[PDB]
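Participant:
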Amino acid sequence: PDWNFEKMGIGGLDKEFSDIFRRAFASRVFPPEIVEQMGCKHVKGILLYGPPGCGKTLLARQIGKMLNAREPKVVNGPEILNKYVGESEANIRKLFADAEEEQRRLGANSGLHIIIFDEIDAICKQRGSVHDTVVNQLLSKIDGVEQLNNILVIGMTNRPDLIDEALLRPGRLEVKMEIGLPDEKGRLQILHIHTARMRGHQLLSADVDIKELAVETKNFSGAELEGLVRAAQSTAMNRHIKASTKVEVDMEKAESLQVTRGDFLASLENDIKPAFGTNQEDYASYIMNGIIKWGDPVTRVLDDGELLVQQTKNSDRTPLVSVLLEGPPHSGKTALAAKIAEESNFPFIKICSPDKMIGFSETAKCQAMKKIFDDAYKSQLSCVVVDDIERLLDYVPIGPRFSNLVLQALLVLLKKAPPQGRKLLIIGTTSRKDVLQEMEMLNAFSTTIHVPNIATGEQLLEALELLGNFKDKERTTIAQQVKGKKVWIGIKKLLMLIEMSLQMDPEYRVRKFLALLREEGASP
Amino acid sequence: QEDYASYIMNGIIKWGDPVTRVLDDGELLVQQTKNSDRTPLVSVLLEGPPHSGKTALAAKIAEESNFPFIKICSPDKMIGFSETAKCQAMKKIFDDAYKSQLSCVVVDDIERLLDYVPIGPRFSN
Ligand SMILES: Nc1ncnc2c1ncn2[C@@H]1O[C@H](COP(=O)(O)OP(=O)(O)OP(=O)(O)O)[C@@H](O)[C@H]1O
Ligand SMILES: Nc1ncnc2c1ncn2[C@@H]1O[C@H](COP(=O)(O)OP(=O)(O)OP(=O)(O)O)[C@@H](O)[C@H]1O
Ligand SMILES: Nc1ncnc2c1ncn2[C@@H]1O[C@H](COP(=O)(O)OP(=O)(O)O)[C@@H](O)[C@H]1O
Ligand SMILES: [Mg+2]
Ligand SMILES: [Mg+2]
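Sequences listed follow chains A and B, in order. If you count by the authors' numbering, then the first sequence holds residues 211 to 339, 346 to 740, one letter each, in order. Position 76, counted from 1, in the second sequence is what the authors' numbering calls 571; the numbers after and before it change by one each time, with no gaps.
#1: Closer than 7 angstroms between the C-beta and any heavy atom of ligand 5: which residues qualify, listed along the chain?
#2: Taking the continuous alpha helix (DSSP H) assigned at B/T579, which residues delimit it?
#3: Could you give the distance in angstroms between the alpha-carbon of A/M504 and the alpha-carbon of A/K549?
#4: So, do the stretch 273–292 of chain A and the stretch 419–428 of chain A have three or more beta carbon pairs nearer to each other than 8 angstroms?
#5: Does any C-beta atom of chain A lie closer than 8 angstroms to the C-beta of B/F589?
#6: Can you give me the start and stop residues for the beta strand (DSSP E) that A/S437 sits inside?
#7: Do you know offhand how far B/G521's Cα is from B/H546's?
#8: In chain order, what are the residues with a CB under 6 angstroms from some non-hydrogen atom of ligand 3?
#9: Is any beta-carbon of chain A found at less than 8 angstroms from that of B/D571?
#10: Using the C-alpha atoms, what's the distance from A/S460 back to A/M467?
#11: So is A/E390 in contact with chain B if we call contact Cβ pairs under 8 angstroms?
#12: Given that B/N505 touches chain A, what residues does it touch there, using C-beta distances under 7 angstroms?
#13: List, from N- to C-terminal side, the alpha helix (DSSP H) runs of 4 residues or more that fit wholly inside the stretch 223–276 of chain A.
#14: Less than 7 angstroms separating the Cβ of A/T645 from some heavy atom of ligand 4?
#15: Going along the stretch 614–625 of chain A in order, which residues come within less than 9 angstroms of chain B, judged by CB to CB distance?
#16: If we define contact as Cβ-Cβ less than 8 angstroms, is B/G511 a contact residue for chain A?
#17: Just the Cα atoms here: how many angstroms apart are A/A679 and A/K509?
#18: Give the range of the beta strand (DSSP E) segment to which A/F564 is assigned.
#19: Would you list, in sequence order, the uninterrupted alpha helix (DSSP H) runs of no fewer than 4 residues that lie entirely inside the stretch 416–487 of chain A?
#20: Roughly how many whole angstroms lie between the Cα atoms of A/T646 and B/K566?
#21: Apart from the five residues just before and just after A/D348, which ones in its own chain have a Cβ nearer than 8 angstroms to its Cβ?
#22: Applying a beta-carbon distance threshold of less than 9 angstroms, which residues of chain B neighbour A/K586?
#23: Got a sec: is the Cβ-Cβ distance from A/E394 to anything in chain B below 8 angstroms?
#24: So, under 8 angstroms CB-CB, B/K586 and B/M573 are touching, yes? Tell me the CB distance rounded to an integer number of Å.
#25: Can A/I395 and A/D331 be called in contact, C-beta distance under 8 angstroms?
#26: Evaluate A/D512 with the Cβ neighbour count: other Cβ atoms within 10 Å of its Cβ, from every protein chain shown; 16 or more gives buried, anything less gives exposed.
#27: For a contact defined as C-beta to C-beta under 7 angstroms, what are the partners of B/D610 on chain A?
#28: Under 8 angstroms Cβ to Cβ from A/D359, same chain only, skipping five residues before and after it: list those, please.
#29: Rounded to whole angstroms, what is the Cα-Cα separation between A/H666 and A/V601?
#30: Using a beta-carbon distance cut-off of less than 7 angstroms, what residues from the stretch 515–548 of chain B approach chain A?
#31: With hydrogens ignored, establish whether the beta-carbon of A/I574 is closer than 7 angstroms to any heavy atom of ligand 1.
#32: Among residues of its own chain, excluding the 5 on either side of A/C568, which ones have a beta-carbon nearer than 6 angstroms to its beta-carbon?
#33: Can you name the residues of chain A whose CB is closer than 8 angstroms to the CB of B/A580?
#34: Measure the C-alpha to C-alpha separation of B/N530 and B/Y502 and round it to an integer number of angstroms.
#35: Roughly how many whole angstroms lie between the Cα atoms of A/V651 and A/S339?
#36: Exposed or buried, what is A/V463 when buried is set at 16 or more other beta-carbons lying within 10 Å of its beta-carbon?
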C-alpha cells in the first residue's frame with residue numbers, strides 16, 4: 211500500500227510516486243471482488259514530460275515492476291519511421307501481437323503488457339512553425361472497434377505542446393505529470409546512492425562530506441551527478457598511478473587507491489559543465505581587460521544594477537523586469553552588462569548574441585531565441601542577456617531594411633510571464649535609441665540607463681594613471697595639452713590608440729599619441 | 496477557470512466611475528445577444544491608451560456572462576508561426592465556437608496579430 215520506491219534507485223522522486231499511485235492505479239490495488247462488483251474500467255495510459263536526463267525511464271521501469279507485469283517492449287520515436295509507403299504502420303502494428311494472442315487464448319485472465327514509447331513527439335502532426349496516417353493508426357489500435365483490456369502505454373516527451381490533441385482525450389492517455397529538476401535533499405540522496413558501493417570497501421569517506429558536495433551543485437540534473445562521481449574516480453586513479461610510478465613507495469600505499477576530496481573539488485571545477493546552470497568560462501571572453509573605475513558614472517551604473525537585482529529577487533506583484541543600456545559606440549556597454557549579471561549570484565545565467573548565428577536565416581534565429589527562453593523558464597531564478605539588438609534585427613540605414621519576424625518574436629517575448637512562482641530578469645544593450653523608439657520597442661522596456669563617454673581632461677589623466685602606460689614627464693605634457701577640456705573619446709578607442717602609439721621608438725611616442733588623439737576631435 | 500485567473504492577476508479595483516460605465520455597457524451587450532432573433536451576431540471593440548488595462552476588463556466581462564463556451568485567442572501562443580498557421584488556428588477556434596448553442600470569443604491584441612510596424616508600413620494582408 212505504501213510502496214517501496216526509496217529502496218531501489220529513484221532516489222529523489224518520492225512525492226511524484228505517491229501522487230501517481232494515488233491518482234490513477236486505484237483499481238489495481240483493491241480486492242478484485244468489489245472492483246468487479248462495481249464494474250469500473252482501468253486507465254489505459256499515462257504521460258511524463260520534463261527536462262532531459264532527470265530520471266523518467268527509471269520511473270517507468272519501477273512502475274512496470276510494481277504491477278508484476280511482463281517484460282516491457284521499449285521503443286524509440288525516430289526508429290519508427292521509414293521512407294517507403296505503408297512501412298511505419300507495420301512497425302506500429304507489430305507491437306500488439308502478443309497482447310492480441312493472449313487476449314484471445316486466455317480470455318479475460320491474461321496479465322499486463324506494458325509498452326514504453328520514447329520521444330513520442332516525433333510521430334505527430336502539430337509541427338506548425346509527418347505522415348498523419350501514423351497517429352491515426354496508433355489511435356485506431358489503442359482504442360477501436362475491437363477492445364484490448366490487458367495493456368498499458370507509457371509515453372515520454374521533452375516538448376509537451378507539440379502533441380496531437382486527439383491523443384489526450386479521456387479513454388486514451390489521460391494522466392499527465394512533470395518530473396522537474398531536483399533540489400538539495402534530492403541531490404544528497406542521488407549522490408549517496410551512487411557512492412554507496414565505493415564506501416562499502418571503505419575506500420571513500422576520507423574527509424569528504426556529501427552535504428558539502430551537495431550545496432556546491434546548484435542546478436545539476438540527475439545524470440550529471442553520476443558523471444561527476446565517475447570523473448572524480450578516474451582522475452584520482454590516474455593521479456595515484458602517476459605518483460606511485462614516480463616514487464618507489466612501499467606496497468602499503470601501492471595498494472591504497474583512495475579517492476580524495478581534492479579530486480571531487482577539482483573535477484567539479486574543471487570537468488563537469490552543467491547544461492541548465494551557470495558557466496564561468498564565457499565571462500572572461502567579454503570582460504577581458506576588466507573594469508577600471510575612471511569616474512562616477514561607472515559607480516552609478518553598477519549601483520543601479522544592484523538595485524534592480526534586489527528589486528527582482530524578493531518581491532511580488534511584479535515577477536518580470538527589463539532594462540536597456542544605451543550609449544554612443546565604443547563606450548563598453550557589454551562589459552558592464554556582463555558584470556551586472558555576474559554580481560547577482562543567480563543560478564542560471566545565459567548570454568545570447570549574434571556571434572553564434574553567422575549565416576542563419578530569420579527562422580533559425582527565432583528558433584534559437586525561443587529555445588534559450590524555454591531553457592530559462594525551467595528554473596526558480598534566471599538572467600538573460602541580449603548583446604546587440606540592432607544586429608539581431610539586421611538593420612541598415614539605407615532602405616531601411618530589416619527582418620520583421622524576429623522583431624515580432626522579441627516584442628511578444630518581452631511581455632510573457634513565466635510559469636507560476638518563478639522570476640526572470642532581462643538586460644538588453646544597443647547603440648541606436650532613436651530607431652528603437654520609432655519602432656515602438658522602447659515602450660516595452662521597463663527602464664533605461666545611459667552610458668556616457670570621457671569628456672574632461674582629468675578623467676583621461678586618471679584613466680591613463682590607472683592603466684599605467686605612460687610616465688610622469690610625458691603625463692605633464694599630456695595634461696598641459698588636454699587641459700582644453702575638448703575631448704570626446706571611447707574607452708575601447710582609447711585602448712586602441714594607446715596600443716597603436718606604443719609601437720614606435722621611445723622618442724616620438726608622446727607626439728604620435730597626441731596627434732592621433734587630436735585627429736579624433738569629435739563634437740556631439 | 497484558469498485563463499481568467501491567469502489574465503486577471505491582481506483583481507479589479509474601483510478607482511473611479513469609468514469602470515462602472517464599461518462594465519454596464521458590457522452587461523447590456525451580453526443581454527442583447529442573449530435575447531433576440533434578428534441580431535444573431537454581435538461585435539464590440541475596446542480601445543484606449545497603452546498600459547490602460549484593456550485585457551483585464553474584457554476577460555472580466557467574458558467571465559461574468561455565464562455562457563457555456565468561452566475561449567481567448569491571444570497572440571503569445573503563436574510565437575514563430577507563419578501566416579498560414581495563424582489563419583488555420585483562428586479558423587479552428589471559430590469553427591469550434593460554431594458547434595455550441597451559446598458562445599463568446601475574445602480576440603486580444605489585434606495589432607500584434609497583423610504584425611504592424613509604423614516604418615513602411617508592413618503587415619500580413
Ligand atoms: N570601466 C569600464 N567599463 C567598461 N569596459 C571597460 C572598463 N574598463 C575597461 N574596460 C574594457 O573595455 C572593454 C569594453 O568594450 P566593449 O567590447 O564592451 O565595447 P562595446 O560597447 O561592446 O562596443 P560595440 O558597442 O561597438 O560593440 C573591455 O575590454 C573592458 O575590459
Ligand atoms: N480597474 C482595473 N482595470 C483593469 N486592470 C486593473 C484594474 N485594477 C487592477 N488592474 C490590474 O491591471 C492589470 C491590467 O493590465 P493589462 O495587462 O490588461 O494592460 P494592457 O492594456 O493589456 O497593456 P497592453 O495593452 O500594453 O498589453 C492587471 O494586473 C489587473 O489585475
Ligand atoms: N532520481 C535519480 N536517482 C538516481 N539516478 C538517477 C535519477 N534520475 C536520473 N538518474 C540517472 O540518470 C540516468 C537515467 O536517465 P533517464 O531515466 O534515461 O532519463 P531520460 O530518459 O530523460 O534521459 C541513469 O544514469 C541514472 O542513474
Ligand atoms: Mg555591443
Ligand atoms: Mg493587451
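Where a beta carbon is used, it is the ideal one built from N, C-alpha and C, also for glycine.
Facilitator: Based on what the coordinates show:
#1: Working through the chain, the matches are B/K549, B/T550, B/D603 and B/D604.
#2: Segment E578 to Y593, the alpha helix (DSSP H) holding B/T579.
#3: Taking the straight line from one Cα to the other gives about 13 angstroms.
#4: Verdict: no, contact absent.
#5: Put simply, the CB of B/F589 is far from chain A, with every gap to its CB atoms at 8 angstroms or more.
#6: Following the DSSP letters along the chain, one finds A/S437 in no beta strand (DSSP E), marked with neither H nor E.
#7: Annotation: B/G521 to B/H546 spans about 20 angstroms, alpha carbon to alpha carbon.
#8: Result: A/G219, A/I220, A/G221, A/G222, A/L223, A/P262, A/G263, A/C264, A/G265, A/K266, A/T267, A/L268, A/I406, A/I409, A/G438, A/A439 and A/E442.
#9: By this cut-off, B/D571 is an interface position.
#10: Each residue's alpha carbon lies about 10 angstroms from the other.
#11: Not a single CB atom of chain B sits nearer than 8 angstroms to the CB of A/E390.
#12: Correct list: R533.
#13: Entirely contained in the stretch 223–276 of chain A, the alpha helix (DSSP H) runs reaching 4 residues are, in chain order, 224–233, 242–248 and 267–276.
#14: Under cutoff, so the answer is yes.
#15: So the list reads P616, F618, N620, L621, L623, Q624 and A625, given in the order they occur along the chain.
#16: Output row for B/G511: interface = no.
#17: Taking the straight line from one Cα to the other gives about 8 angstroms.
#18: Unbroken beta strand (DSSP E) run through A/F564: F564 to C568.
#19: Fully enclosed alpha helix (DSSP H) runs of 4 or longer: 426–432, 438–462, 467–471 and 477–486.
#20: Cα to Cα, the separation comes out at about 39 angstroms.
#21: These residues qualify, in order along the chain: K335.
#22: The CB of A/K586 comes closer than 9 angstroms to the CB of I574 and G575 in chain B, given here in chain order.
#23: It does not: the Cβ of A/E394 has no partner Cβ on chain B nearer than 8 angstroms.
#24: 13 angstroms between Cβ atoms; not a contact.
#25: No, the pair does not count as a contact, with Cβ atoms beyond the cut-off.
#26: Counting other Cβ atoms within 10 Å of its Cβ, A/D512 stays below 16 and is therefore classed as exposed.
#27: What B/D610 touches in chain A: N620 and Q624.
#28: Cβ within range, chain order: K254, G387 and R388.
#29: When rounded, the distance between both Cα atoms is 17 angstroms.
#30: Under the 7 angstroms Cβ criterion, the stretch 515–548 of chain B contributes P545.
#31: Set against 7 angstroms, the gap from the CB of A/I574 to the closest heavy atom of ligand 1 is not smaller.
#32: So the qualifying residues of the chain are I588 and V602.
#33: What B/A580 touches in chain A: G338 and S339.
#34: Their Cα atoms are separated by approximately 29 angstroms.
#35: Those two C-alpha atoms are separated by around 29 angstroms.
#36: By the neighbour-count criterion, in which 16 or more other beta carbons inside 10 Å mark a residue as buried, A/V463 falls on the exposed side.
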